[PDB]
Structures are given as structure tokens and as C-alpha cells.
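Quick look at final19.cif (mmCIF, C-alpha atoms):
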```cif
data_data
loop_
_atom_site.label_atom_id
_atom_site.label_comp_id
_atom_site.auth_asym_id
_atom_site.auth_seq_id
_atom_site.Cartn_x
_atom_site.Cartn_y
_atom_site.Cartn_z
CA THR D 153 70.24 -41.47 -62.70
CA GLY D 154 70.26 -38.49 -65.05
CA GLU D 155 72.95 -36.35 -66.68
CA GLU D 156 74.25 -33.07 -65.28
CA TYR D 157 73.95 -29.65 -66.78
CA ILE D 158 74.23 -26.41 -64.97
CA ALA D 159 71.47 -23.85 -65.02
CA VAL D 160 72.43 -20.58 -66.63
CA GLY D 161 69.23 -18.85 -65.66
CA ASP D 162 67.84 -17.95 -62.25
CA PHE D 163 64.48 -19.68 -61.96
CA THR D 164 62.36 -20.16 -58.87
CA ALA D 165 59.41 -22.49 -58.35
CA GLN D 166 56.01 -20.79 -58.35
CA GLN D 167 54.02 -23.99 -58.56
CA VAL D 168 54.71 -27.42 -57.17
CA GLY D 169 56.96 -29.64 -59.25
CA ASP D 170 59.58 -27.02 -60.04
CA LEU D 171 62.75 -26.12 -58.14
CA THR D 172 64.72 -22.95 -57.44
CA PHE D 173 68.15 -22.73 -59.06
CA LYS D 174 70.45 -19.91 -60.07
CA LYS D 175 72.23 -18.64 -63.11
CA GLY D 176 75.25 -20.96 -63.18
CA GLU D 177 74.79 -23.79 -60.66
CA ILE D 178 74.88 -27.54 -61.23
CA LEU D 179 71.72 -29.60 -61.74
CA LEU D 180 71.02 -33.21 -62.77
CA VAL D 181 68.32 -34.07 -65.35
CA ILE D 182 65.85 -36.96 -65.19
CA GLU D 183 63.23 -37.19 -67.99
CA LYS D 184 63.01 -35.62 -71.47
CA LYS D 185 61.25 -32.39 -72.53
CA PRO D 186 57.63 -33.49 -73.09
CA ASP D 187 56.41 -29.94 -72.89
CA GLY D 188 59.62 -28.06 -72.08
CA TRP D 189 60.55 -29.66 -68.77
CA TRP D 190 62.78 -32.48 -67.57
CA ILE D 191 62.66 -33.74 -63.94
CA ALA D 192 65.95 -32.46 -62.46
CA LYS D 193 67.81 -32.57 -59.17
CA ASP D 194 69.98 -30.07 -57.31
CA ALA D 195 72.85 -30.21 -54.83
CA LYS D 196 70.46 -30.43 -51.89
CA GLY D 197 68.79 -33.76 -52.61
CA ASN D 198 65.43 -32.69 -54.01
CA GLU D 199 64.31 -32.98 -57.56
CA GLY D 200 62.08 -30.67 -59.57
CA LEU D 201 60.86 -29.59 -62.97
CA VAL D 202 63.50 -27.57 -64.81
CA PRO D 203 63.48 -26.76 -68.52
CA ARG D 204 66.25 -27.64 -70.95
CA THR D 205 66.09 -24.19 -72.53
CA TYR D 206 68.36 -22.62 -69.86
CA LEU D 207 70.47 -25.68 -69.07
CA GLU D 208 73.96 -26.20 -70.47
CA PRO D 209 75.98 -29.45 -70.25
CA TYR D 210 78.84 -29.55 -67.74
CA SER D 211 82.46 -30.71 -67.59
CA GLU D 212 82.15 -33.10 -64.65
#
```
What would the structure in this file look like if it were written as C-alpha cells?
Amino acid sequence: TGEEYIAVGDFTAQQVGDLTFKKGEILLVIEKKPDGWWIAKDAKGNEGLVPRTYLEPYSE
């Protein structure tokens, strides 16, 4: 149900859809960059809109 990257940027959600992650945490990704965003998940349970741009793959 997605692949996991970690964010390496500190983004917050300003609109609905997006999530709030920090510069070096682990996220999951679910959908591919239509316009820049994928639908990701965090280590809380929720899922948002995070870009790929500041996402790096992880070593599970």
C-alpha cells in the first residue's frame, strides 16, 4: 500500500490534503506525481499530499 521514503524537508499543510512532516522522517507514498504530489502517509495513521521533490527512498 505504497512505498516508503523519508522526507528531507520540513513541510506543513496549509490547505487540506497535505500533511506536516519534518526534514528526515519516514513517510509512505500512495499515488504518482500528477502535478507534483503523491498521496502519502506518516507514522500516525493519516495520509496526505506530499511531493516527491523532497522525498528520498529509505533502507527499510
Selected residue, from D:175, D:209, D:181, D:167, that lies nearest to residue 194 of chain D when counting all atoms listed in the file |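 Ranking D:175, D:209, D:181, D:167 by distance to residue 194 of chain D, first place goes to D:181.
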Nearest-residue call for residue 166 of chain D, choices D:195, D:207, D:202, D:180, using all atoms listed in the file = D:202
d(atom CA of residue 189 of chain D, atom CA of residue 206 of chain D) in Å =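 Here the two named atoms are 10.6 Å from each other.
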Mind checking which residues fall within 7 Å of residue 174 of chain D, counting only C-alpha atoms, ignoring those fewer than 6 positions away in the same chain, and posting them as a PyMOL selection string?
-> chain D and resi 159-163
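This file gives the following result for the PyMOL selection byres ((chain D and resi 210) around 9): residues 156, 157, 158, 178, 208, 209, 211 and 212 of chain D.
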In Å and to one decimal, atom CA of residue 199 of chain D is distant from atom CA of residue 179 of chain D by 9.2 Å
